[PDB]
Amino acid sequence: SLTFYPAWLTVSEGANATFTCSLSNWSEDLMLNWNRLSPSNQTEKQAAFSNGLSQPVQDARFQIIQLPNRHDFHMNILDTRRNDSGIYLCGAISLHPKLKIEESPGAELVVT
């Protein structure tokens, strides 16, 4: 299971905002994605964490940092803008032994 907290976060433009994605189980082969929801609740990939590296899709303000306990991650939006306001989640995939995808509940960001 995955949690993504706080469920609601409100910050002023320019704030460097953080959500925390927390995994029940961490594995070295796990790949972790940070998604945003569209108006039709489609997932849209923002960044990924794989092989110890954070990789933004198209906006480098979206950064993922794995914390020392390996199971918790900070999903950081640097220098927030009003257009960042929306719903986000995290999702993890494992390939072995079988394929397994899990998603956290959504969390809402409001940037004012």
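Residue positions are given as counts along the sequence shown, with the first one as 1.
- Mean CA B-factor, 6-14 versus 87-95: the higher value falls on 87-95.
- Here the stretch with the larger average CA B-factor, out of 49-57 and 74-82, is 49-57.
- Across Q63, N69, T43, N33, the greatest Cα temperature factor reported in the deposited entry is at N69.
- Sorting the modelled residues of the chain by their CA temperature factor places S24 in the highest third.
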